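Form deposited in one PDB entry, single chain, as structure tokens, below.
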């Protein structure tokens, strides 16, 4: 069931936005057709984890089926706010990460009839739509203000996180707009500390905290949960998820994943890189520095091999297990006063722990 009504609302939403364009922005049917394809391609075909989580939270907490309908519909709308938000990021990220492929098909910027400049802007329409749907559907809702603030906070934080990511390979001390600079040769910034920061901000907020929050908001239950504990859950779960993403980038075949990995080529401060650099021999570190941040497939393979040789699958297992127990305890801390919420967090973790995506 969750999915049936979700897609039901996708169509309401989509209809509202396109019709609004035609009626109020003087839009010709070609561009309207174009933007429909852009919407479907950029927003559909994922697993909808963030949007579904919102609904799930709404459901779990509603422990006069008219309220039920209102809460569930709102939850769906928030659900798509996040998915459209996600979509926006992904459109821009792929350009920034110079990716080729996404969800089994070419990156939006790589579609044959999509110029790079139009993709950038298509990415922005996407973000605007999150506001547009919110304003329409929640016009007369006493929570729209708070909703919108929180949502802008997360978005900002995500943007900030992306700065961390996109500059993780330059020596921060030499980071000056006026002066050109090459990629770091010493990698002194590839530390777990910096890794954790990138990920907390680029991924944990919008992927884990935000959907929990929006589910609570549409259900008028925000004050009923330990937020400090809710926030730790999200920070932990989101870090692990990003770490999973980093591993898959490297070691999962693109056909399962939907996308070809660029973290090595782009010289990303991935979990692998940082965990590798902290335990590795000088000899290994040296071979790494010699092969990292390069298009060349042999170099890419070498980096992959160093990772295998340094037994990073060792470290991952241990990290994972360590995440799982902290998560288990915090869920129980939350179950004391918040049982319904706590169950949906458990489901969310269910979808994370050992995901094969």
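Positions refer to the first chain, counted from 1. Throughout, rigid core stands for the largest set of C-alpha atoms superposing within 1.5 Å between the two forms.
- Notably, residue 175 is an intermittent gap: at least a third of the other compared entries of this protein, restricted to those modelling both its neighbours, have no coordinates for it.
- For the cut-off of one third of the other compared entries, residue 64 qualifies: that many or more give it no coordinates while modelling its flanks.
- The modelled chain is continuous from residue 30 to residue 31, with every intervening residue of the deposited sequence accounted for.
- In this crystal structure, the stretch out of 151 to 159 and 225 to 233 whose C-alpha atoms carry the higher mean B factor is 225 to 233.
- Per-stretch averaging of Cα B factors for 254 to 262 and 237 to 245 places 254 to 262 on top.
- Highest C-alpha temperature factor among 187, 137, 89, 80 per the entry: 187.
- Ranked by C-alpha B-factor against the other modelled residues of its chain, residue 146 falls in the middle third.
- Looking at the C-alpha B-factors along this chain, the one for residue 105 belongs to the highest third.
- Ranked by C-alpha B-factor against the other modelled residues of its chain, residue 50 falls in the lowest third.
- In the deposited entry, the Cα temperature factor of residue 318 sits in the middle third of values across the chain's modelled residues.
- Sorting the modelled residues of the chain by their CA temperature factor places residue 127 in the lowest third.
Separately, the form deposited in another entry exists; it is not shown, and the next lines address it.
- The Cα position of residue 144 differs by less than 2 Å between the shown form and the other one after fitting on the rigid core.
- Once you line up the core between the shown form and the other one, the Cα of residue 135 stays within less than 2 Å of where it was.
- Relative to the superposed core, residue 264 shifts its CA atom by 2 Å or more between the shown form and the other one.
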